[PDB]
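Okay, so here's the structure we're looking at.
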2 protein chains.
Amino acid sequence: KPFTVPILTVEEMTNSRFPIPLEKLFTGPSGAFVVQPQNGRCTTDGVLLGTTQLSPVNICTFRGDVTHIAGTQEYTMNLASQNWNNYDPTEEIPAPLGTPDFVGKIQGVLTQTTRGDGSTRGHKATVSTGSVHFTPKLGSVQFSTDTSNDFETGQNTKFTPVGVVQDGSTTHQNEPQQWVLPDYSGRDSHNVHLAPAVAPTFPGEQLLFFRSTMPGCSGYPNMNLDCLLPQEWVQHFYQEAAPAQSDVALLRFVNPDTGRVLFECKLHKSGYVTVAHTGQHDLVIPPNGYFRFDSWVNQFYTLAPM
Amino acid sequence: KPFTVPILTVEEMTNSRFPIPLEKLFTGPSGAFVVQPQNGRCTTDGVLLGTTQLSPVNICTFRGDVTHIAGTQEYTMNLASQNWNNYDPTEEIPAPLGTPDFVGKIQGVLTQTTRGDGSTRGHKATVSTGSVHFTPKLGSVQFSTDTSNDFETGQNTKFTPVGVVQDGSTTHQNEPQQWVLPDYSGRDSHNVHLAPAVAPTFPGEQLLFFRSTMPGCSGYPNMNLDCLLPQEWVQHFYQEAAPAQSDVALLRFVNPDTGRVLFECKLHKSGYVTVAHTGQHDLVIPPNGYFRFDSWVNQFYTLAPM
């Protein structure tokens with residue numbers, strides 16, 4: 001079965017690390033730190049990795065039941081799977097699928113329905129994924145909310161993410177830290193079953209990122225969010241499951257108006273893109289440009305410089 | 001090019017009328033109402049209809065600039081297009097793409113960022129789509145918020161939807177009204193450029209609905225939300241643009257483990273599904289089941305009872 005990538009334009013696609021549209025293509029250096037996101041991870045032949053699942057709207061969501069922490073506005077969520085079935089900590093994944101894969105404070109809303117009568121309630125909530133109580137792998141996360149008595153126990157509760165926050169009396173853009181993974185089992189344990197770190201290996205190459213700007217809800221947060229694959233590419237590879245004929249798929253980014261190639265890049269079988277460039281650069285593209293798979297190549301193929 | 005539908009399961013797909021996962025399939029008679037949703041509308045050969053756009057996360061999202069209504073906690077949003085370009089009220093669409101297509105009160109959060117320093121602000125907000133001030137086709141909607149002093153004018157602002165609210169009546173589940181379209185121009189004009197109303201036209205058939213439960217944020221809302229096509233089907237048809245060889249595509253819903261066909265249905269070229277059943281019924285399906293296109297059929301085809 002022949003391999004293909006979707007023909008959607010960048011602006012028609014969705015970030016695979018937070019439920020927001022893509023904005024631009026960005027390349028930058030990553031030698032100083034390890035790039036190891038857990039959402040938006042899928043091989044070109046359709047193997048999901050990390051915490052990656054298929055739904056764009058389930059990214060950074062949590063579902064389960066909640067318990068009030070006495071005397072506070074904090075609630076503990078005992079997590080369910082994304083379809084309300086039991087969450088099994090022994091599964092060989094780092095955390096429930098769609099769990100946030102960066103350290104930061106994500107603000108959103110906790111909603112709840114009482115099954116018996118259909119009564120409902122919703123409250124502002126923030127999850128601090130660097131907190132000692134962020135233990136999704138073990139089955140629980142803590143939320144700070146604007147209530148101390150308006151959630152029931154034993155009732156289906158959902159967190160819907162909205163954006164990120166920062167403490168404006170401290171160094172601006174000091175959080176989130178998009179390349180710092182949470183401790184999914186807390187400070188007393190270690191992350192397991194992670195999708196691997198990715199890095200360029202060929203001379204002159206850098207990762208190519210699909211970039212969005214997360215909404216901010218308070219303060220001066222670092223809102224940059226780079227994913228390795230659009231969510232639509234995850235969905236596409238999962239369904240097609242086309243065999244990888246080599247370790248590297250050569251893509252050309254083309255302007256359909258003129259037919260001209262703007263740049264070429266390598267889509268690696270393990271699910272990430274590299275381009276021939278050094279330094280931070282927002283790529284300048286026509287809005288109707290799209291990626292096209294042209295050829296399987298070897299690991300030592302020299303791309304035309306960006 | 002052969003026509004196909006995605007091989008994703010129901011629970012792997014997304015409602016096209018609110019940014020939440022699908023949960024189940026439902027069929028029932030639909031003479032008590034006009035079925036004329038404007039999101040999740042696409043032909044099998046890839047022509048988007050109504051207010052339908054491609055992003056799952058832009059459904060029921062608004063973008064624009066806001067202005068405070070003195071003496072209240074209300075803000076008017078002057079709408080932009082989803083990519084921040086101008087919104088043109090003279091375009092032949094019913095309303096901006098992704099506008100809600102039901103009468104109800106949608107709670108979410110308004111957020112904005114100042115580009116100069118990266119400061120951010122976010123506030124709870126509700127839009128009542130039955131209000132006289134809900135005039136998205138004219139370019140504006142009104143939000144009720146929790147603030148009177150904390151938004152900048154002349155600045156890109158986003159509404160992220162979360163769930164629905166019921167208030168103002170002791171009668172439970174009286175709103176939202178999922179089959180009542182808002183008046184997109186308010187009192188100034190009637191709705192125009194609508195995707196067609198749909199109805200079974202073959203004896204013994206009913207519509208097949210892709211059903212979700214919207215989050216509730218207050219009161220006793222009717223949280224059922226039925227769409228005619230999963231959002232992933234909209235995305236798939238738009239990209240494939242496979243020619244329709246007749247007016248009706250015959251799909252079989254199949255269990256991949258066993259090959260058993262649970263039921264068959266008609267996917268009409270204009271973008272909706274019917275089944276041969278009489279009465280209200282929640283379909284019982286295996287967790288791995290999916291829809292499979294098998295044949296284009298003529299105007300005389302009678303489905304096997306489901």
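Labeling convention for the structure tokens: chains A, B, ... as they appear, residues from 1 per chain, ligands from 1 in order of appearance.
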query: Quick one: DSSP alpha helix (DSSP H) residues in stretch 176-242 of chain A, as a ChimeraX atom specification?
result: /A:231-240
Please write the residues from the selection above to a file, keeping N, CA and C atoms, as an mmCIF file, in the first residue's frame.
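Output file again-v5.cif follows:
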data_model
loop_
_atom_site.group_PDB
_atom_site.id
_atom_site.type_symbol
_atom_site.label_atom_id
_atom_site.label_comp_id
_atom_site.auth_asym_id
_atom_site.auth_seq_id
_atom_site.Cartn_x
_atom_site.Cartn_y
_atom_site.Cartn_z
ATOM 1 N N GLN A 231 -2.184 16.584 14.384
ATOM 2 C CA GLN A 231 -3.075 15.506 14.808
ATOM 3 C C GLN A 231 -3.674 14.778 13.607
ATOM 4 N N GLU A 232 -3.946 15.504 12.521
ATOM 5 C CA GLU A 232 -4.511 14.869 11.333
ATOM 6 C C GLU A 232 -3.537 13.889 10.697
ATOM 7 N N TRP A 233 -2.230 14.115 10.861
ATOM 8 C CA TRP A 233 -1.263 13.144 10.353
ATOM 9 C C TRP A 233 -1.256 11.878 11.209
ATOM 10 N N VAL A 234 -1.353 12.027 12.532
ATOM 11 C CA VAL A 234 -1.534 10.870 13.412
ATOM 12 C C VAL A 234 -2.749 10.057 12.973
ATOM 13 N N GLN A 235 -3.878 10.734 12.777
ATOM 14 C CA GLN A 235 -5.095 10.026 12.386
ATOM 15 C C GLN A 235 -4.902 9.325 11.049
ATOM 16 N N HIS A 236 -4.186 9.967 10.129
ATOM 17 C CA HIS A 236 -3.998 9.423 8.789
ATOM 18 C C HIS A 236 -3.105 8.193 8.817
ATOM 19 N N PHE A 237 -1.970 8.266 9.519
ATOM 20 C CA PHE A 237 -1.046 7.135 9.538
ATOM 21 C C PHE A 237 -1.637 5.945 10.291
ATOM 22 N N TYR A 238 -2.374 6.223 11.367
ATOM 23 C CA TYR A 238 -3.025 5.164 12.119
ATOM 24 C C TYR A 238 -3.975 4.373 11.234
ATOM 25 N N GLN A 239 -4.737 5.061 10.387
ATOM 26 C CA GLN A 239 -5.692 4.352 9.554
ATOM 27 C C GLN A 239 -5.039 3.687 8.360
ATOM 28 N N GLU A 240 -4.113 4.385 7.689
ATOM 29 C CA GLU A 240 -3.532 3.839 6.468
ATOM 30 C C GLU A 240 -2.605 2.677 6.777
#
- request: Any chance you could list, as a ChimeraX atom specification, the residues in stretch 127-304 of chain B that come up strand (DSSP E or B) when DSSP is run on the backbone?
  value: /B:127-128,135,140-145,157-165,177,205-213,216-219,224-227,248-254,261-268,272-276,281-282,290-297
query: Can you tell me, as a list in words, what residues are no more than 7 Å from residue A:173 when counting only C-alpha atoms, ignoring any on the same chain fewer than 5 positions away?
result: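 Answer for this query is residues 220, 221 and 222 of chain A.
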Take chain B, superimpose it onto chain A by least squares using every C-alpha atom paired in sequence order, and output the result as a compact mmCIF listing (two decimals) with C-alpha atoms, in the first residue's frame.
# COMPACT_ATOMS: atom_id res chain seq x y z
CA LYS B 1 -0.47 0.44 0.02
CA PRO B 2 1.12 3.74 -1.02
CA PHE B 3 2.13 6.01 1.80
CA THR B 4 0.63 9.49 1.84
CA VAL B 5 0.22 12.50 4.08
CA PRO B 6 -2.96 14.61 4.25
CA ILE B 7 -3.38 17.44 1.76
CA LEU B 8 -4.64 19.83 4.43
CA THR B 9 -2.81 23.14 4.77
CA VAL B 10 -0.99 24.05 8.00
CA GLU B 11 -3.78 26.38 9.11
CA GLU B 12 -6.34 23.65 8.41
CA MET B 13 -4.64 21.32 10.92
CA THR B 14 -4.54 20.92 14.68
CA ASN B 15 -1.75 20.82 17.22
CA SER B 16 -1.30 17.33 18.65
CA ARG B 17 -0.19 18.64 22.09
CA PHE B 18 -3.08 21.01 22.94
CA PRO B 19 -6.54 21.29 21.32
CA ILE B 20 -5.88 24.36 19.16
CA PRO B 21 -5.17 25.01 15.48
CA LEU B 22 -1.71 25.04 14.00
CA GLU B 23 -0.47 28.49 13.01
CA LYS B 24 2.96 28.22 11.41
CA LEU B 25 6.06 26.15 10.79
CA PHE B 26 9.24 26.81 12.77
CA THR B 27 12.73 25.39 12.72
CA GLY B 28 15.53 25.94 15.20
CA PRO B 29 18.44 24.15 16.85
CA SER B 30 17.54 21.83 19.72
CA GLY B 31 20.65 21.07 21.77
CA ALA B 32 19.50 23.25 24.67
CA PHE B 33 16.79 20.73 25.52
CA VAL B 34 15.58 17.19 25.29
CA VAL B 35 12.78 17.03 22.71
CA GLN B 36 10.60 14.21 24.01
CA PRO B 37 6.90 15.12 23.73
CA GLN B 38 4.48 12.29 24.45
CA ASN B 39 1.42 13.58 22.57
CA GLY B 40 1.58 13.77 18.79
CA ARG B 41 3.76 10.64 18.59
CA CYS B 42 3.03 8.07 15.88
CA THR B 43 5.04 6.10 13.36
CA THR B 44 4.41 6.56 9.65
CA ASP B 45 2.95 3.04 9.56
CA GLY B 46 0.39 3.94 12.21
CA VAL B 47 1.69 2.84 15.62
CA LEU B 48 0.72 5.30 18.35
CA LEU B 49 3.43 6.09 20.92
CA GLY B 50 3.71 7.75 24.30
CA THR B 51 0.37 9.08 25.55
CA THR B 52 -0.93 9.71 22.03
CA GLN B 53 -4.58 9.03 21.20
CA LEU B 54 -6.69 9.85 18.17
CA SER B 55 -9.13 12.52 19.33
CA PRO B 56 -8.07 16.16 18.89
CA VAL B 57 -10.51 17.19 21.63
CA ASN B 58 -9.17 14.75 24.23
CA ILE B 59 -5.68 16.25 24.29
CA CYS B 60 -5.07 17.63 27.80
CA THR B 61 -8.55 16.50 28.89
CA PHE B 62 -9.03 14.48 32.06
CA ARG B 63 -11.99 12.29 33.02
CA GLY B 64 -12.70 10.59 36.32
CA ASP B 65 -14.41 11.05 39.66
CA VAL B 66 -13.58 13.84 42.12
CA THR B 67 -13.24 14.17 45.88
CA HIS B 68 -12.97 17.40 47.83
CA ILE B 69 -9.92 18.09 50.01
CA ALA B 70 -11.41 19.33 53.28
CA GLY B 71 -10.63 22.91 54.20
CA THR B 72 -9.51 23.93 50.72
CA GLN B 73 -10.81 24.64 47.22
CA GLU B 74 -8.87 21.65 45.87
CA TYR B 75 -10.27 18.43 44.42
CA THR B 76 -8.54 15.14 43.69
CA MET B 77 -9.59 13.44 40.47
CA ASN B 78 -9.30 9.67 40.34
CA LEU B 79 -8.77 9.11 36.66
CA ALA B 80 -10.70 6.93 34.23
CA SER B 81 -9.89 6.10 30.62
CA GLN B 82 -11.20 8.52 28.00
CA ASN B 83 -14.25 6.30 27.39
CA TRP B 84 -15.02 6.06 31.18
CA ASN B 85 -13.61 2.54 31.51
CA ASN B 86 -11.14 1.84 34.30
CA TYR B 87 -7.65 3.30 34.03
CA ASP B 88 -5.02 0.62 34.69
CA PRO B 89 -1.74 2.05 36.08
CA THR B 90 0.05 -1.17 35.13
CA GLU B 91 -0.51 -0.66 31.39
CA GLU B 92 2.77 0.06 29.59
CA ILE B 93 2.06 3.71 28.82
CA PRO B 94 3.63 6.71 30.58
CA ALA B 95 0.30 8.04 31.83
CA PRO B 96 -3.33 8.08 30.68
CA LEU B 97 -3.76 8.84 27.00
CA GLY B 98 -3.96 12.58 26.36
CA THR B 99 -2.28 13.57 29.63
CA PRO B 100 -0.42 16.90 29.25
CA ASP B 101 3.21 16.42 28.24
CA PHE B 102 4.66 19.68 29.57
CA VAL B 103 5.26 21.31 32.94
CA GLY B 104 2.84 24.16 33.37
CA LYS B 105 -0.42 25.37 34.82
CA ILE B 106 -3.40 24.55 32.60
CA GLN B 107 -6.64 26.38 33.30
CA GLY B 108 -9.99 25.01 32.21
CA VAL B 109 -13.33 23.91 33.59
CA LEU B 110 -14.49 20.83 35.52
CA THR B 111 -18.02 19.72 34.61
CA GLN B 112 -20.32 16.87 35.66
CA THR B 113 -23.92 15.71 35.27
CA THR B 114 -26.22 13.75 37.57
CA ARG B 115 -27.85 11.02 35.49
CA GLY B 116 -30.97 10.76 37.64
CA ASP B 117 -32.27 14.27 36.94
CA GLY B 118 -29.88 15.80 34.41
CA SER B 119 -28.59 18.45 36.80
CA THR B 120 -25.20 19.90 35.85
CA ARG B 121 -22.34 21.74 37.52
CA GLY B 122 -19.23 23.46 36.23
CA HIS B 123 -16.35 25.26 37.89
CA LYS B 124 -13.10 26.93 36.95
CA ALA B 125 -10.15 24.65 37.64
CA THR B 126 -6.39 24.70 37.20
CA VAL B 127 -4.00 21.73 37.11
CA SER B 128 -0.33 22.39 37.88
CA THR B 129 1.51 19.57 36.15
CA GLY B 130 4.74 20.28 38.03
CA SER B 131 3.05 19.73 41.41
CA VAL B 132 3.87 16.79 43.66
CA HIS B 133 0.14 15.92 43.49
CA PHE B 134 0.25 15.59 39.68
CA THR B 135 0.40 11.79 39.60
CA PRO B 136 -1.65 10.73 36.56
CA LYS B 137 0.31 7.51 36.05
CA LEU B 138 -0.71 6.49 39.59
CA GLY B 139 -4.28 7.39 38.71
CA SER B 140 -4.83 10.82 40.23
CA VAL B 141 -4.33 14.53 39.73
CA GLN B 142 -5.28 17.52 41.85
CA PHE B 143 -7.17 20.60 40.68
CA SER B 144 -7.41 24.05 42.27
CA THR B 145 -10.97 25.30 41.83
CA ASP B 146 -13.23 28.21 42.74
CA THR B 147 -15.45 26.08 45.00
CA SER B 148 -15.48 23.99 48.15
CA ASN B 149 -19.01 22.51 48.09
CA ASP B 150 -20.38 21.95 44.56
CA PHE B 151 -19.19 18.63 43.15
CA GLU B 152 -20.63 15.17 43.66
CA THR B 153 -18.36 12.23 44.43
CA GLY B 154 -18.66 8.94 42.56
CA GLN B 155 -19.71 10.75 39.41
CA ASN B 156 -18.16 11.08 35.96
CA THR B 157 -16.42 14.47 35.79
CA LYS B 158 -14.55 16.07 32.88
CA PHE B 159 -11.76 18.66 32.74
CA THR B 160 -11.89 20.72 29.54
CA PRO B 161 -8.60 22.58 28.97
CA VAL B 162 -8.66 26.21 27.85
CA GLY B 163 -5.23 27.78 28.23
CA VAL B 164 -2.16 28.29 30.35
CA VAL B 165 -1.34 30.46 33.38
CA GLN B 166 1.84 32.04 34.66
CA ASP B 167 2.02 32.96 38.33
CA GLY B 168 4.38 32.77 41.25
CA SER B 169 7.27 34.57 39.55
CA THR B 170 7.94 38.07 38.28
CA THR B 171 10.09 36.63 35.48
CA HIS B 172 8.04 36.59 32.31
CA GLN B 173 7.59 33.54 30.09
CA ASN B 174 9.28 31.22 32.60
CA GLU B 175 6.40 28.71 32.31
CA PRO B 176 5.04 26.57 30.76
CA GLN B 177 8.20 24.65 29.95
CA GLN B 178 7.09 22.86 26.82
CA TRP B 179 10.12 20.55 26.61
CA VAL B 180 10.09 19.46 30.27
CA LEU B 181 7.91 16.43 30.84
CA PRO B 182 5.93 16.23 34.06
CA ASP B 183 6.80 13.49 36.52
CA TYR B 184 3.78 11.36 35.75
CA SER B 185 4.19 9.37 39.00
CA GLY B 186 5.32 12.35 41.08
CA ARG B 187 8.01 11.51 43.62
CA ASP B 188 7.10 7.81 43.66
CA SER B 189 8.83 6.88 40.43
CA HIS B 190 10.53 8.20 37.30
CA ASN B 191 8.80 8.37 33.96
CA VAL B 192 8.56 5.11 32.01
CA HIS B 193 7.41 3.87 28.59
CA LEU B 194 8.22 7.18 26.94
CA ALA B 195 8.18 7.80 23.21
CA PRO B 196 11.82 8.38 22.25
CA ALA B 197 13.66 11.65 22.43
CA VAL B 198 14.27 13.02 18.95
CA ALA B 199 17.22 14.88 17.50
CA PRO B 200 18.66 15.53 14.05
CA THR B 201 21.41 13.01 13.42
CA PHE B 202 22.43 14.23 9.93
CA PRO B 203 24.86 17.18 9.58
CA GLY B 204 23.17 20.48 8.82
CA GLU B 205 19.64 19.29 9.72
CA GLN B 206 17.21 20.64 12.32
CA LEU B 207 13.81 19.51 13.49
CA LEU B 208 10.80 21.06 11.80
CA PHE B 209 8.10 22.01 14.30
CA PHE B 210 4.36 22.52 13.80
CA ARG B 211 3.73 25.57 15.97
CA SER B 212 0.74 27.06 17.74
CA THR B 213 0.19 29.77 20.35
CA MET B 214 -1.69 28.50 23.39
CA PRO B 215 -4.33 30.78 24.91
CA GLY B 216 -3.12 32.52 28.07
CA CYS B 217 -5.46 32.98 31.02
CA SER B 218 -3.31 34.95 33.50
CA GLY B 219 0.17 36.34 33.90
CA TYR B 220 2.92 36.27 31.27
CA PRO B 221 3.08 32.64 30.09
CA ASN B 222 5.30 31.26 27.37
CA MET B 223 2.53 30.36 24.93
CA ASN B 224 4.64 28.72 22.19
CA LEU B 225 3.68 25.09 21.59
CA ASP B 226 5.55 22.97 19.07
CA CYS B 227 4.48 19.50 18.00
CA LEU B 228 6.32 16.96 15.87
CA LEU B 229 3.26 15.84 13.86
CA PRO B 230 -0.13 17.50 13.29
CA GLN B 231 -2.96 15.61 14.94
CA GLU B 232 -4.45 15.00 11.47
CA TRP B 233 -1.23 13.21 10.47
CA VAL B 234 -1.52 10.95 13.53
CA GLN B 235 -5.11 10.14 12.55
CA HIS B 236 -4.13 9.57 8.91
CA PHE B 237 -1.20 7.24 9.62
CA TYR B 238 -3.23 5.25 12.15
CA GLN B 239 -5.97 4.63 9.60
CA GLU B 240 -3.79 4.06 6.53
CA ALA B 241 -1.10 1.92 8.21
CA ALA B 242 0.86 2.09 4.98
CA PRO B 243 4.10 0.08 5.24
CA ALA B 244 7.31 2.07 5.57
CA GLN B 245 9.52 1.05 2.66
CA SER B 246 12.57 2.76 4.18
CA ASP B 247 13.34 4.74 7.33
CA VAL B 248 12.80 8.15 5.68
CA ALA B 249 9.94 9.58 3.61
CA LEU B 250 10.85 12.56 1.42
CA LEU B 251 8.12 15.22 1.46
CA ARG B 252 7.92 18.35 -0.68
CA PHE B 253 5.99 21.38 0.52
CA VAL B 254 4.18 22.70 -2.54
CA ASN B 255 2.08 25.63 -3.71
CA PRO B 256 -0.88 24.05 -5.56
CA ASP B 257 -1.54 27.25 -7.51
CA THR B 258 1.83 27.26 -9.25
CA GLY B 259 3.41 23.84 -8.70
CA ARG B 260 6.41 25.53 -7.10
CA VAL B 261 8.18 23.51 -4.42
CA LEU B 262 9.02 25.81 -1.52
CA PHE B 263 11.16 23.29 0.37
CA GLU B 264 11.70 19.59 0.97
CA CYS B 265 11.97 17.69 4.25
CA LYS B 266 12.44 14.23 5.74
CA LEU B 267 9.61 12.52 7.60
CA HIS B 268 11.32 9.82 9.65
CA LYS B 269 9.47 6.51 10.03
CA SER B 270 9.46 6.94 13.82
CA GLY B 271 7.41 10.12 13.43
CA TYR B 272 9.19 13.47 13.19
CA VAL B 273 10.38 15.85 10.48
CA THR B 274 13.76 17.40 9.71
CA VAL B 275 14.91 20.13 7.33
CA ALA B 276 18.31 21.28 6.11
CA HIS B 277 18.71 24.62 7.86
CA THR B 278 20.95 26.26 10.48
CA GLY B 279 19.38 28.78 12.85
CA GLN B 280 16.01 29.83 14.17
CA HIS B 281 13.52 30.51 11.39
CA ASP B 282 9.79 31.08 10.99
CA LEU B 283 8.97 29.63 7.58
CA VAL B 284 7.21 31.90 5.09
CA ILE B 285 4.63 29.79 3.26
CA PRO B 286 1.75 30.47 0.85
CA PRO B 287 -1.71 30.10 2.43
CA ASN B 288 -2.59 27.15 0.18
CA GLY B 289 0.67 25.24 0.58
CA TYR B 290 0.67 21.62 1.69
CA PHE B 291 3.04 18.68 2.20
CA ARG B 292 3.34 16.00 -0.50
CA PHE B 293 5.01 12.61 -0.15
CA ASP B 294 7.28 11.97 -3.14
CA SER B 295 9.69 9.12 -2.34
CA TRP B 296 11.12 6.72 0.20
CA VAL B 297 14.83 7.50 0.53
CA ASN B 298 17.85 5.66 1.93
CA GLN B 299 20.09 6.58 4.87
CA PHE B 300 22.48 8.67 2.73
CA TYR B 301 20.02 11.32 1.47
CA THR B 302 21.04 14.98 1.80
CA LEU B 303 18.20 17.50 1.62
CA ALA B 304 18.39 20.66 -0.45
CA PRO B 305 18.80 23.68 1.86
CA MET B 306 15.48 25.30 2.75
